[PDB]
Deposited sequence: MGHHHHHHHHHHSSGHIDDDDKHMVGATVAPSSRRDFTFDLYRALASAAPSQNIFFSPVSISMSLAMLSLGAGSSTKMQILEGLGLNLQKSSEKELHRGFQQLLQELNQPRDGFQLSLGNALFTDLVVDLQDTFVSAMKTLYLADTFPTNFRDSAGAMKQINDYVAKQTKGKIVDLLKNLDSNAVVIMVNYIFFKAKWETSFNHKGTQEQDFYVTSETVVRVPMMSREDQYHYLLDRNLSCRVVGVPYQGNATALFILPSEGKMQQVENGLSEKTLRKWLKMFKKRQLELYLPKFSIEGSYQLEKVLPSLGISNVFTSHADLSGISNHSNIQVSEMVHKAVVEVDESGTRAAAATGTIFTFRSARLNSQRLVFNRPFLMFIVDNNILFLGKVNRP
């Protein structure tokens, strides 16, 4: 699907590099943008989102955005959207209203003829909105910008079952067969939803978060990362979730913080969404001025993986004890490039951890 076509596009543009973004967050950003688009410009965006009804589309995100806004004391989620428009650009009331009402996103007039100043204005705003989690969103603001759309999201939730911080120990990580790095490796022998995809040749483990959200870690077999990436799809994801079986594993997972920052105007065109980023963009919904286009569409996703979990993670199960031999434990070590998904009802995050 679109989410996976984008993933591959990003990985292709930056080989052997960490890739990390929020599929649902970008979909929201695009849906929001479609509010001010028209003609073919709008069509490309909708086709990209693979879209029932527009009213339904926006309603869904509005609600979804409301839910993710409910401070569920077990998660740390900061999702935001904002448009910065050059001072000279006249904004349409209908568009500004729809953005605030449907996507809780504000529009801010900005003097782009003063890069440094505008860049600080934007970064400062994002930092404020993300409580300091997402700072320095922009690193180089091209002069003469017209409209800059920013989409940011931070996430950090407690695992259903904790990782003994006394079990976390720094280990070797093979970015490549030749390049090795030391990384804090968390660990815990226990039962996990596990699956061995022989088709794509990768091992998939599910580690649930406190709630209905779960993290999926995929370790391709030697030299099969590219093969797994090409196989990534909605169908494949659905499959994994369905073929999962509880298995006793001696799991070794790196403790880390991963982030991804992207200039979507540089990649989306190759995926079919191009007009909105050109001078022939039909953004009549946003402004009645003719030289209106999305100069930059920045997306930044940051997720932190630690040991913190709901319970002490141990014992329990049954009063009686089996007298059969203990379950055989399999070793699963994520010490080389792996893929990661964070899913609820939607794909919250998707990426490749090339270097923790």
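Novice: Any chance you could give me the deposited-sequence numbering of all the stretches lacking C-alphas?
Specialist: Gaps in the modelled chain, taken against the deposited sequence, lie at 1-35, 87-90.
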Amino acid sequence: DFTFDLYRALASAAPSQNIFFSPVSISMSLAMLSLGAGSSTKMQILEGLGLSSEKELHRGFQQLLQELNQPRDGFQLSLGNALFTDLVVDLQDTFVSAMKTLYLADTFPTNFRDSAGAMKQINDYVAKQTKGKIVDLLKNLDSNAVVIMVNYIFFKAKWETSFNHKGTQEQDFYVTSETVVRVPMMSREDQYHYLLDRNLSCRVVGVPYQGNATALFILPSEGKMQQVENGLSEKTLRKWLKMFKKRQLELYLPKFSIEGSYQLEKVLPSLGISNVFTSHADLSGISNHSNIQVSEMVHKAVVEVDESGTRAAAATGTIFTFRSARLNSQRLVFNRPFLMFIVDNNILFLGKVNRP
From here on, numbers count along this sequence of modelled residues.
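Novice: Mind pulling up the entry and telling me whether 59-67 or 318-326 has the higher mean Cα temperature factor?
Specialist: Per the PDB entry, the higher value belongs to 59-67.
Novice: Which has the higher mean CA temperature factor in the PDB entry, 309-317 or 32-40?
Specialist: The stretch with the larger mean CA B-factor is 309-317.
Novice: Out of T110, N140, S284, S221, which residue has the highest Cα temperature factor in the PDB record?
Specialist: Spelled out: the listed residue with the top C-alpha B-factor is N140.
Novice: Quick one: which of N275, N151, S97, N199 shows the highest Cα temperature factor in the PDB entry?
Specialist: By C-alpha B-factor in the record, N199 ranks first.
Novice: Which third, lowest, middle or highest, does the CA B-factor of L10 fall in along this chain?
Specialist: Its C-alpha B-factor belongs to the middle third of this chain's values.
Novice: Could you tell me which third, lowest, middle or highest, the C-alpha B-factor of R203 occupies within its chain?
Specialist: Within its chain, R203 is a lowest-third residue by C-alpha B-factor, going by the deposited values.
Novice: Quick check for you: using the entry's CA B-factors within this chain, is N230 in the lowest, middle or highest third?
Specialist: Middle third, going by the recorded CA B-factors of the chain.
Novice: Would you mind ranking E304 by its C-alpha B-factor against the rest of the chain and naming the third, lowest, middle or highest?
Specialist: Its C-alpha B-factor, which the entry lists for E304, ranks in the middle third among residues of this chain.
Novice: Looking at the entry's B-factor column for C-alpha atoms only, identify whether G260 ranks in the lowest, middle or highest third of its chain.
Specialist: Lowest third of the chain for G260's C-alpha B-factor.
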